[PDB]
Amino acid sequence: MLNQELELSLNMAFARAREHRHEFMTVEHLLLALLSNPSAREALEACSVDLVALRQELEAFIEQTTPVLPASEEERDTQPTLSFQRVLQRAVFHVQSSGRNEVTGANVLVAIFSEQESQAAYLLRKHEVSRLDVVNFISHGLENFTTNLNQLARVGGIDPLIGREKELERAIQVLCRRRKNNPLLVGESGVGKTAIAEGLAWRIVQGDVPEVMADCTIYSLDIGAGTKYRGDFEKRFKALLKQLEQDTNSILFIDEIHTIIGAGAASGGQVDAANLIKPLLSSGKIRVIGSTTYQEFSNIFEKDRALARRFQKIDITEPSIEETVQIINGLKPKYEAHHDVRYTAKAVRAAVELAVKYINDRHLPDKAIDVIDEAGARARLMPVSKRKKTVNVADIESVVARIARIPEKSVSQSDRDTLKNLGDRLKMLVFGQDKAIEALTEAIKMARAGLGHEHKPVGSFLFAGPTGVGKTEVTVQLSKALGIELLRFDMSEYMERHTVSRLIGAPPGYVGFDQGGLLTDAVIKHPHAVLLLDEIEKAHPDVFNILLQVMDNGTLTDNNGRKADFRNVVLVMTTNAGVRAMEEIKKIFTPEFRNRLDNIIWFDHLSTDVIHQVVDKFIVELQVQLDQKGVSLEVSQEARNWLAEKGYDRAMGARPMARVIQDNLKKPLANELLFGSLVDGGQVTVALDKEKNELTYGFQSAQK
């Protein structure tokens, strides 16, 4: 009774339903199959129907609503619904009563119109295909950015909006109010705030929005944390608003509304320009849909108050797992057509569930769609594009793992050579503190070997010991040996309320300087770094609380929802407080603070031999400069003793050494190097006049 072609179309649709593992074979499956059927195809072509858009809409609906049934034990196969059987039976009855030999796809197409409450019939009417059309065929033959969203909808620049009926209903209801007419979509990034504004414009086009909003057109404004860079925000915006307020039912969508208003301007329009237009202050009234995040609504919008009261807040919550699975299932056919691949039902669910578990700084549905797009694209890298089959979760897992992070590079070469030699390298610049450097390098190597927490700084150290023994020098050299930036902050400048009777008397907040800008700005600008905090004992308790968060979470929150990632930072805090005796450090710093440290790196006093090594180091540096000028510097043992004695103090450590070397070894050579015996090279002998306790200087030209 049915055509060969019809029966083939049925088999191909039956085939697709058992590989997608659909439990039901529906009327929408039938219409979809009819798109491959020659007679039904030609009928739809005669009515000028874009078969691809119909293909996409049917497939999307089928995937969102058809239950999948792959599991274990006693279960069932693919089964035609009562309605499906009803349609085919209606076609057979019509055809037999009409005097025709066989049922064709076009006859089934006529039968589908009688399924009044079906999605298939709904889509046919949406595409303006009338039942009569098939019967007649069977028998015979603002200026630039992303503006007019209504126009974008008429073509296909806007991706379809799945679900979120309640949110759309609430936005429409808000726009319909006499006062407080402006919806303010509030939600996290990636949740779908822009998608809802855009999805509304589509509803206006479809006429799925009541008569009062029929003439409405949604215009999106050219936005994208504070705007004021050349032109004239005052007149251009005024001319824009007058062109919108030009007697029309125009809705102005302003994405990221927290940009223009709430923060801080520099001009004289922004907040004040829009404020006039909302109620009435001209000869019209406009409506605005805003979009912002939860934190930007509470703070800069509601408290600083730009226009907060004129807006109606609509909470746009992150979709659930199942709601997101429905969203991906509804977009899936467009991704499959683009990537030439098929995503399994299990991969789709895995994309959503694994993104929820491991991509924690982002939100659904955005992060799940990115994973799906990325997995489809990844398939192109493998030869041509390996279709996939009854497994695909493993692909999703690789993609999610790449997004959740993996930045390696610590194996057989380059980094290995520096880490293995760090101890020795630092021991060449800093003496008398082998243990300190050893413990420091053991901790860097441990973290570089992938052993440690991901949500914590590379290392958190408290460098304790006496003044001028190598604490600052070690961290400065550590940063140069690692090849990373050195971010330095003095905690004596962050005590909050101690320095004022002198002249520097501007301490408002201080913690405000670390937060509101400095500390975070420096860490965002230099993710890989050594963060040195001098004299940590003088810091204000608010700084310590901030430091506890850094050591616990590896992140800071400041400068308007900014994230300072401390994951690749070596935190070093130096203290003089105890004076290495170790029990004194326990009293000064709380157990809570001390137990979050990876190590309290102890630094000892300098020996007489270490002080002599510091002197030699200063002398070699000078010899390097002098040797390049053909000048040989020799400093006698007694003179080295003299420099050691003068450049070291128990209370200052080796702090006075630089000055002492400069005054007694560098300055006395200046005249001879410029206009004396050393002009063309030569020798300098520095000795000690014993019973005078003063250095001796001998010169000889490169004229022996």
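In case it trips you up, residue 1 is the first one in the sequence shown, and so on.
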query: Residues with no coordinates between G141 and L142, taken from the deposited sequence as a class; finding: 10 or more
query: Gap size, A581 back to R580 (deposited sequence, no coordinates); finding: 10 or more
query: Entry-level comparison of average CA B-factors, 379-387 and 614-622, reporting the higher stretch; finding: 379-387
query: Mean temperature factor over C-alpha atoms, higher-scoring stretch between 407-415 and 211-219; finding: 407-415
query: Deposited CA B-factor, highest of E102, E496, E374, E535; finding: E496
query: Top residue by Cα temperature factor, when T590, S114, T248, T472 are compared in the entry; finding: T248
query: Within-chain third of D663 by Cα B-factor, per the entry; finding: middle
query: Third of the chain, ranked by Cα B-factor, where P527 sits; finding: middle
query: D689 - Cα temperature factor, lowest/middle/highest third of chain; finding: middle
query: Chain-relative CA temperature factor third for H338; finding: lowest
query: Among modelled residues of the same chain, the CA temperature factor third for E23; finding: lowest
